[PDB]
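For the numbers below, each heavy atom of this structure counts, side chains included, while hydrogens, waters and symmetry mates do not. In each ligand, atom 1 is the first atom listed, and ligand 1 is the first ligand listed. Just so you know, residue 1 is the first one in the sequence shown, and it goes up from there.
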Amino acid sequence: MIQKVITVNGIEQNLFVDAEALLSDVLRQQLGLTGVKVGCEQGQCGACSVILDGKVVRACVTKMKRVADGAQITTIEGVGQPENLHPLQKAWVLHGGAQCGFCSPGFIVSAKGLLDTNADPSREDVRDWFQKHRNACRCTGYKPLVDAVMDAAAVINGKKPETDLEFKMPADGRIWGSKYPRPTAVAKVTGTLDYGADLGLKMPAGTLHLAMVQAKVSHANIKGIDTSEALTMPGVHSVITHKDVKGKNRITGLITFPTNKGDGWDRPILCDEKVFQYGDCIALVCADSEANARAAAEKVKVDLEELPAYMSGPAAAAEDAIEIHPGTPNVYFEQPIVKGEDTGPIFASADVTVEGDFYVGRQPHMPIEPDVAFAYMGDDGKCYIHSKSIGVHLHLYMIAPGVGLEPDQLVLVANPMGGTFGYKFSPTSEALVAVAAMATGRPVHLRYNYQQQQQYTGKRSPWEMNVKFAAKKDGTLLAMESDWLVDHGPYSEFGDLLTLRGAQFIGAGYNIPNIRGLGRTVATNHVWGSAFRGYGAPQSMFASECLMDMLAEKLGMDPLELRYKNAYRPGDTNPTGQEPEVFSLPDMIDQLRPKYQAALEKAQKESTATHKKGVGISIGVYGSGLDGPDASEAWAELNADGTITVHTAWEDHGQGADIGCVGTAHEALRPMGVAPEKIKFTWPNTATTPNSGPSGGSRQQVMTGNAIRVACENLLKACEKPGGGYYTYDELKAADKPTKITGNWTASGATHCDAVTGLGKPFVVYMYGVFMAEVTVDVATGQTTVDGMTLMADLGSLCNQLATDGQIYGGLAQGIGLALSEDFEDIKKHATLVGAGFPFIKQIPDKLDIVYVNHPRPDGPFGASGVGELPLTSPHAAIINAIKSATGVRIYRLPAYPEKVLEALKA
Ligand code: FES
Ligand code: FES
Ligand SMILES: [Cl-]
Ligand SMILES: [Cl-]
Ligand SMILES: [Cl-]
Ligand SMILES: [Mg+2]
Ligand SMILES: [Mg+2]
């Protein structure tokens with residue numbers, strides 16, 4: 001141990017530390033500075049950026065011996081606090097740079113290091129700096145962050161007044177459609193919002209820290225577990241196995257389809273008889289600390305009979321394949337799509353047919369914050385779970401029978417979270433912490449490290465796809481055929497539904513009167529499938545949007561013009577036989593056309609012999625809602641102090657659940673003249689908030705937004721004074737009148753897609769968009785650089801521009817990763833941010849362009865559709881179409897690795 005007298009945030013600290021200790025650990029645990037956020041723990045993400053003697057370092061790979069006596073450290077807490085914001089923190093808030101906010105402290109600290117050395121940086125300087133210092137963001141696509149640096153810089157330089165960093169009201173009082181900052185912005189940019197790991201450091205002693213004992217093979221029969229050595233190890237309380245589980249020890253898929261050949265109880269909470277994938281939790285060590293738990297977990301011995309593993313869809317779908325779940329065939333679900341006439345004869349007689357085999361792989365969500373949960377037995381005897389669940393009511397019913405509790409005896413609460421991008425549509429650690437809390441009686445806490453986040457949370461499921469188009473010489477689509485195989489890993493949850501998405505979205509965007517297709521779901525021993533932003537669209541529309549460009553090339557037609565010809569117009573139906581609710585695609589194409597022609601011209605002019613430039617186009621379509629007559633509930637309550645709380649279980653991945661609530665409520669409350677700062681939101685809690693539903697399927701703004709609008713409309717009626725005006729709280733209570741008002745809303749006109757034909761009206765609101773990608777391909781290396789992305793977006797009406805801009809920028813960046821760099825195929829290699837091809841700032845162009853072409857939705861609140869998954873429907877198709885336009889080569893199987901591109905280039 002050594003004494004180090006240093007300065008931390010301007011205050012002299014008398015530090016007593018292990019020289020080998022990590023600065024991140026010291027700052028967070030010993031000094032309580034949880035504003036230093038830790039994600040990857042491997043120096044790759046920059047979340048832990050601190051300033052050490054004028055240099056930006058990553059505290060997670062800075063050992064205390066590198067901290068000299070009298071050193072000066074600045075963390076986010078020293079940059080500024082809620083009542084004393086730094087220009088960089090004000091700028092972040094104004095520009096909407098905090099979405100999930102997990103990266104915000106590191107980014108702001110890093111940016112402060114930048115401005116202290118380069119006071120008046122260019123946009124490229126900013127990007128260069130964030131690249132060098134490895135500041136990663138998964139939410140924003142970087143543009144708003146650079147916007148914020150530039151604006152703060154102007155203020156610090158004395159070029160602009162600081163008051164210009166404060167939000168200005170639109171001068172009618174309308175925050176709907178505005179750039180009003182999200183309520184959580186201040187806490188995020190000051191590091192005063194407590195995420196799961198932060199809460200764990202602030203829990204009382206007696207809290208047990210968990211570590212997972214995980215399978216180190218992909219497929220096995222378990223013979224026994226030996227905990228003897230682990231129990232003698234330092235800090236160890238006990239080891240939990242399947243024997244300690246009070247219920248079925250199974251997670252249920254809950255809405256398993258009838259034609260599913262599996263019962264949907266295939267997933268264990270703790271492995272009993274079998275290992276189904278690498279990483280499966282077999283046991284939980286409970287100890288006094290994470291470090292001690294992890295140490296002992298290494299010594300728990302599992303006796304395994306290793307079985308052959310099927311590591312892809314095709315391998316597991318073979319006739320001769322051994323059943324992974326005995327009694328259930330590996331191909332456990334099939335969804336046909338049968339629309340209009342038989343396609344066989346139409347394909348035979350058409351002027352032009354095209355066909356293609358396409359692949360989209362196991363994309364890893366890669367949130368900066370790795371999975372974390374905790375649980376405890378309350379004084380009331382209920383079991384409470386606090387996690388990253390983005391569907392608390394959903395997960396309750398998925399886990400309750402497994403852990404052995406009645407629905408009334410378990411409570412699920414969503415912590416503030418650093419992004420999920422769909423992986424939290426699945427339970428990850430909830431049942432594990434419940435089981436541990438129940439068996440021990442003590443508070444338990446479980447934090448995954450980044451490797452576990454990669455290997456042992458759900459992934460986008462790979463699809464092997466064959467799609468075909470039949471068409472007239474004028475470009476009129478006549479028919480389509482489709483076959484898709486979905487590799488869902490060993491756990492069935494929502495696998496059949498994902499498969500159904502192929503029926504709804506392969507070929508979405510165009511009038512296609514005749515379709516014959518078949519989707520198949522298959523269990524494998526690769527990572528289990530959890531929703532990933534887009535959920536079926538990125539796979540489906542990659543195939544159909546690439547094939548649209550192939551059809552265009554065969555016709556001798558401009559790809560944009562071919563789309564203009566076939567795009568939804570009044571009278572047309574989508575693939576499930578349903579009429580579009582608005583018709584905005586022709587409008588969006590027309591407005592993009594000149595930008596597209598201008599991009600083509602630039603591409604040809606600026607191309608060289610070694611660096612070829614191209615332009616690609618795609619369309620994107622997705623539903624807003626869960627399938628069928630989806631519904632939400634909200635409560636509007638006037639409180640004693642004259643504020644209004646809107647109670648919902650609108651789960652915040654980071655997308656802006658808080659601003660969606662406040663924005664929608666304010667618009668609905670306008671007649672009563674309610675200031676936005678007086679409107680409160682609620683963190684999701686199964687006991688104290690209504691079943692608003694999960695934050696999945698880009699549904700909340702529509703479903704819960706409507707429910708909030710109805711609740712607020714009903715509160716107005718309850719507050720309405722006879723003869724005009726409104727009662728106060730005190731007046732209402734004195735009259736013994738209610739002050740907490742319910743509102744519900746239902747997508748009444750929706751129906752589920754039929755099990756035989758795939759036809760129906762699954763969503764009443766869809767999202768529509770047109771993508772344009774501009775790329776440069778280096779033909780010597782096969783390396784693609786995306787120079788610009790454009791999205792024409794119809795969102796009906798914007799609740800909040802900061803939120804929708806950020807959403808789109810974020811999804812476009814994930815499109816670049818999906819197209820060029822991202823995959824989880826090799827269990828070990830792809831277990832880091834860098835190894836799995838996470839897009840750092842230089843991989844994302846500064847040129848991200850949005851054009852809103854809003855066609856108000858009949859069923860949307862004030863006209864709004866969702867936005868969440870739109871920017872990820874097909875941006876990767878536009879990118880791949882752009883590579884083809886640049887070089888003549890088509891990548892059919894994502895991602896377009898440089899070597900892969902080179903191989904095609906030289907074929
Ligand atoms: S770089 Fe330190 S937590 Fe990622
Ligand atoms: S706001 Fe950057 S990771 Fe979420
Ligand atoms: Cl998916
Ligand atoms: Cl390929
Ligand atoms: Cl490569
Ligand atoms: Mg027609
Ligand atoms: Mg090669």
Report yes or no: does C103 have an N/O/S atom closer than 2.8 Å to atom 4 (Fe) of ligand 2?
no
Side chains of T420 and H653: any donor to acceptor distance under 3.5 Å?
yes
Going by side chain to side chain donor-acceptor pair (under 3.5 Å), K388 matches just one of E369, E651, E430. Which one?
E369
Taking only heavy atoms of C137, which atoms of ligand 2 are found under 4.0 Å from at least one of them?
1 (S), 2 (Fe), 3 (S)
Rounding to 0.5 Å, atoms NE2 (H611) and OG1 (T887) come to a distance of 13.0 Å
Could you count the protein N, O or S atoms found under 2.8 Å away from the Mg ion (ligand 7)?
2
Between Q131 and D128, a side-chain donor and acceptor under 3.5 Å
no
Heavy atoms only: give me the nearest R533-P871 pair and the separation to one decimal.
NH2-CG, 3.8 Å
Will you find, in the side chains of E77 and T75, an N or O donor that is under 3.5 Å from an N or O acceptor?
yes
In ligand 2, the atoms that come under 4.0 Å of a heavy atom of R138 are 3 (S)
Which ligand 2 atoms are under 4.0 Å away from a heavy-atom of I368?
3 (S)
Donor on one side chain, acceptor on other, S821 and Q843, under 3.5 Å
yes
Relative to the heavy atoms of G101, which atoms of ligand 2 are at a distance of less than 4.0 Å?
1 (S), 4 (Fe)
Does NZ or CZ of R893 come closer than 6.0 Å to the centre of the six-membered ring of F358, within 45° of the ring's axis?
no
